[PDB]
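Participant: The following block contains the structure, expressed as structure tokens.
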Amino acid sequence: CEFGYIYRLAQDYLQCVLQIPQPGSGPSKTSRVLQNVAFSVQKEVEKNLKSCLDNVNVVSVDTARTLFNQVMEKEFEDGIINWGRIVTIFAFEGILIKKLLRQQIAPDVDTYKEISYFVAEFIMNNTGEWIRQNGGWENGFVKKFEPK
Ligand SMILES: *CCC(=O)N(c1ccc(O[C@@H]2CC[C@@H](N)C2)cc1)[C@@H](CC(C)(C)O)c1ccc(Cl)cc1
């Protein structure tokens with residue numbers, strides 16, 4: 001269930017940014033902690049990198065996937081993995097969602113689940129083993145970022 005858990009975190013973050021809460025039992029405790037930390041990092045990246053983010057047009061899910069993979073390959077190229085870098089992946093997906101909502105040439109809600117897929121694929125394939133060895137999401141991420 002490793003991929004599915006990360007896909008659900010990425011989808012919950014996307015629904016948070018788009019302000020489209022899905023009814024039912026709601027997000028898990030990991031998801032709730034992740035949403036505040038990643039949103040804080042997202043607003044900081046948006047502010048600092050506004051000029052260069054504004055020069056790019058996210059016109060399709062293919063462009064979002066390509067930009068996500070190029071930016072995240074560079075973010076992790078030195079071989080270091082830490083929780084802050086993992087929170088930045090979610091923050092970056094939130095930026096791409098916002099730009100896609102503004103500039104997607106043929107708007108399609110069913111294409112938003114493609115973003116949660118390519119975020120989960122990157123996390124699983126590049127950081128999954130480190131995540132497990134550092135406590136997973138409940139004994140690693142939550143313990144580190146939950147309120148004291
Ligand atoms: C001003 C930087 C820039 O041109 N790009 C960019 C690089 C990295 C980045 O975010 C990561 C995560 C937070 C930071 N630690 C760095 C955001 C923007 C562009 C990269 C290109 C030129 C494509 O390689 C860029 C611009 C706009 C978008 Cl939507 C994506 C990437």
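Labels for the structure tokens follow display order: chains A, B, ..., residues from 1 in each chain, ligands from 1.
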Around ligand 1, which protein and nucleic acid residues have at least one atom no more than 9 Å from it, if we count only C-alpha atoms and all ligand atoms? List them as JSON, numbers by chain.
Facilitator: {"A": [41, 42, 44, 45, 46, 48, 49, 50, 51, 52, 53, 54, 55, 56, 57, 58, 63, 64, 66, 67, 68, 70, 71, 72, 74, 75, 85, 88, 89, 91, 92, 95, 96, 99]}
Participant: If we count only C-alpha atoms and set the cut-off at 12 Å, which residues sit around residue 28 in chain A, ignoring sequence neighbours fewer than 2 positions away in its own chain? Please answer as a PDB file with N, CA, C and O atoms, in the first residue's frame.
Facilitator:
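In the end it all went to out_29.pdb:
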ATOM      1  N   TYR A   5      -0.830   5.160  -0.602  1.00  0.00           N
ATOM      2  CA  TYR A   5      -0.823   6.085   0.546  1.00  0.00           C
ATOM      3  C   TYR A   5      -0.283   7.427   0.086  1.00  0.00           C
ATOM      4  O   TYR A   5      -0.865   8.480   0.403  1.00  0.00           O
ATOM      5  N   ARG A   8      -2.754   9.241  -2.185  1.00  0.00           N
ATOM      6  CA  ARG A   8      -3.813   9.877  -1.387  1.00  0.00           C
ATOM      7  C   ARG A   8      -3.290  11.187  -0.730  1.00  0.00           C
ATOM      8  O   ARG A   8      -4.012  12.183  -0.742  1.00  0.00           O
ATOM      9  N   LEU A   9      -2.021  11.227  -0.239  1.00  0.00           N
ATOM     10  CA  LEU A   9      -1.492  12.484   0.309  1.00  0.00           C
ATOM     11  C   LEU A   9      -1.450  13.561  -0.789  1.00  0.00           C
ATOM     12  O   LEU A   9      -1.756  14.725  -0.541  1.00  0.00           O
ATOM     13  N   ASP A  12      -5.019  14.718  -1.641  1.00  0.00           N
ATOM     14  CA  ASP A  12      -5.566  15.518  -0.538  1.00  0.00           C
ATOM     15  C   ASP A  12      -4.949  16.909  -0.589  1.00  0.00           C
ATOM     16  O   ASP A  12      -5.616  17.907  -0.337  1.00  0.00           O
ATOM     17  N   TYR A  13      -3.611  16.983  -0.919  1.00  0.00           N
ATOM     18  CA  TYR A  13      -2.988  18.306  -0.956  1.00  0.00           C
ATOM     19  C   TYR A  13      -3.569  19.129  -2.093  1.00  0.00           C
ATOM     20  O   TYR A  13      -3.840  20.310  -1.926  1.00  0.00           O
ATOM     21  N   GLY A  24     -17.062  13.034   3.648  1.00  0.00           N
ATOM     22  CA  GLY A  24     -16.782  11.726   4.209  1.00  0.00           C
ATOM     23  C   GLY A  24     -16.044  11.914   5.520  1.00  0.00           C
ATOM     24  O   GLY A  24     -16.316  12.877   6.249  1.00  0.00           O
ATOM     25  N   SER A  25     -15.099  11.021   5.835  1.00  0.00           N
ATOM     26  CA  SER A  25     -14.371  11.114   7.108  1.00  0.00           C
ATOM     27  C   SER A  25     -13.257  12.176   7.114  1.00  0.00           C
ATOM     28  O   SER A  25     -12.811  12.578   8.191  1.00  0.00           O
ATOM     29  N   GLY A  26     -12.848  12.654   5.937  1.00  0.00           N
ATOM     30  CA  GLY A  26     -11.850  13.715   5.862  1.00  0.00           C
ATOM     31  C   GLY A  26     -10.428  13.214   5.866  1.00  0.00           C
ATOM     32  O   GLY A  26     -10.186  12.001   5.882  1.00  0.00           O
ATOM     33  N   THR A  30      -1.842  12.440   9.161  1.00  0.00           N
ATOM     34  CA  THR A  30      -0.619  12.797   8.373  1.00  0.00           C
ATOM     35  C   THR A  30      -0.951  13.894   7.377  1.00  0.00           C
ATOM     36  O   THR A  30      -0.206  14.874   7.185  1.00  0.00           O
ATOM     37  N   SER A  31      -2.081  13.701   6.674  1.00  0.00           N
ATOM     38  CA  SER A  31      -2.458  14.632   5.645  1.00  0.00           C
ATOM     39  C   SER A  31      -2.666  16.017   6.206  1.00  0.00           C
ATOM     40  O   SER A  31      -2.255  17.002   5.640  1.00  0.00           O
ATOM     41  N   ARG A  32      -3.340  16.089   7.370  1.00  0.00           N
ATOM     42  CA  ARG A  32      -3.624  17.380   8.001  1.00  0.00           C
ATOM     43  C   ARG A  32      -2.307  18.085   8.375  1.00  0.00           C
ATOM     44  O   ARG A  32      -2.195  19.302   8.179  1.00  0.00           O
ATOM     45  N   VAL A  33      -1.333  17.329   8.922  1.00  0.00           N
ATOM     46  CA  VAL A  33      -0.065  17.964   9.278  1.00  0.00           C
ATOM     47  C   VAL A  33       0.677  18.447   8.019  1.00  0.00           C
ATOM     48  O   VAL A  33       1.155  19.598   7.937  1.00  0.00           O
ATOM     49  N   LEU A  34       0.688  17.594   7.003  1.00  0.00           N
ATOM     50  CA  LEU A  34       1.361  17.929   5.738  1.00  0.00           C
ATOM     51  C   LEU A  34       0.772  19.173   5.099  1.00  0.00           C
ATOM     52  O   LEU A  34       1.499  19.990   4.604  1.00  0.00           O
ATOM     53  N   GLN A  35      -0.562  19.312   5.100  1.00  0.00           N
ATOM     54  CA  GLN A  35      -1.196  20.467   4.431  1.00  0.00           C
ATOM     55  C   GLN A  35      -0.708  21.807   4.974  1.00  0.00           C
ATOM     56  O   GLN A  35      -0.393  22.708   4.193  1.00  0.00           O
ATOM     57  N   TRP A 137       5.518   7.773   7.332  1.00  0.00           N
ATOM     58  CA  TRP A 137       4.767   9.024   7.448  1.00  0.00           C
ATOM     59  C   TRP A 137       4.228   9.259   8.842  1.00  0.00           C
ATOM     60  O   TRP A 137       4.268  10.376   9.320  1.00  0.00           O
ATOM     61  N   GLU A 138       3.767   8.215   9.511  1.00  0.00           N
ATOM     62  CA  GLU A 138       3.195   8.359  10.853  1.00  0.00           C
ATOM     63  C   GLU A 138       4.254   8.421  11.946  1.00  0.00           C
ATOM     64  O   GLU A 138       4.057   9.153  12.917  1.00  0.00           O
ATOM     65  N   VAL A 142       5.083  12.757  10.672  1.00  0.00           N
ATOM     66  CA  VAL A 142       4.177  13.348  11.667  1.00  0.00           C
ATOM     67  C   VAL A 142       4.890  13.703  12.949  1.00  0.00           C
ATOM     68  O   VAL A 142       4.650  14.776  13.509  1.00  0.00           O
TER      69      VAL A 142
END
Participant: Within 8 Å of residue 61 in chain A, counting only C-alpha atoms, which residues show up once you throw out same-chain ones fewer than 4 positions away? Write them as a list in words, please.
Facilitator: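 The filter keeps residues 65, 100, 104, 111, 114 and 115 of chain A.
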Participant: Convert the current residue selection to file output with N, CA and C atoms, as an mmCIF file, in the first residue's frame.
Facilitator:
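Wrote it out as selection.cif, contents follow:
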data_model
loop_
_atom_site.group_PDB
_atom_site.id
_atom_site.type_symbol
_atom_site.label_atom_id
_atom_site.label_comp_id
_atom_site.auth_asym_id
_atom_site.auth_seq_id
_atom_site.Cartn_x
_atom_site.Cartn_y
_atom_site.Cartn_z
ATOM 1 N N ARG A 65 3.950 17.819 -15.850
ATOM 2 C CA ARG A 65 4.756 16.616 -15.555
ATOM 3 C C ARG A 65 6.216 16.868 -15.895
ATOM 4 N N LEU A 100 -1.769 25.508 -13.642
ATOM 5 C CA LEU A 100 -2.593 24.694 -14.561
ATOM 6 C C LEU A 100 -4.038 25.177 -14.549
ATOM 7 N N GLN A 104 -4.353 25.995 -18.314
ATOM 8 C CA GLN A 104 -4.645 24.746 -19.080
ATOM 9 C C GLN A 104 -5.485 25.060 -20.333
ATOM 10 N N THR A 111 -7.989 15.247 -15.318
ATOM 11 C CA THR A 111 -6.534 15.305 -15.519
ATOM 12 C C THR A 111 -5.773 15.710 -14.249
ATOM 13 N N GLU A 114 -3.828 12.873 -12.556
ATOM 14 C CA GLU A 114 -2.558 12.603 -13.198
ATOM 15 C C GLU A 114 -1.423 13.275 -12.411
ATOM 16 N N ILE A 115 -1.682 14.481 -11.853
ATOM 17 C CA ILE A 115 -0.665 15.162 -11.076
ATOM 18 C C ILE A 115 -0.380 14.367 -9.800
#
Participant: Tell me, as a PyMOL selection string, which residues lie within 12 Å of residue 82 in chain A, counting only C-alpha atoms; anything in the same chain fewer than 3 positions away does not count.
Facilitator: chain A and resi 75-76+78-79+85-89+126-128+130-131+133-134+140-141+144
Participant: Quote the spacing between CA of residue 22 in chain A and CA of residue 124 in chain A in Å to one decimal place.
Facilitator: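 CA of residue 124 in chain A lies 24.6 Å from CA of residue 22 in chain A.
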Participant: Check the DSSP output for the backbone and give back, as a PyMOL selection string, the residues of chain A in helix (DSSP H, G or I).
Facilitator: chain A and resi 2-17+29-48+50-53+61-76+83-103+109-133+136-145
Participant: Have a look at CA of residue 15 in chain A and CA of residue 122 in chain A and let me know their distance in Å, one decimal.
Facilitator: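 Going from CA of residue 15 in chain A over to CA of residue 122 in chain A covers 19.4 Å.
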Participant: Tell me which of A:116, A:123, A:107, A:97 sits closest to residue 7 in chain A, counting only C-alpha atoms.
Facilitator: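 Selected residue with least distance to residue 7 in chain A: A:116.
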Participant: Would you work out the distance separating CA of residue 83 in chain A from CA of residue 119 in chain A, expressed in Å to one decimal?
Facilitator: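 These atoms are spaced 15.4 Å apart.
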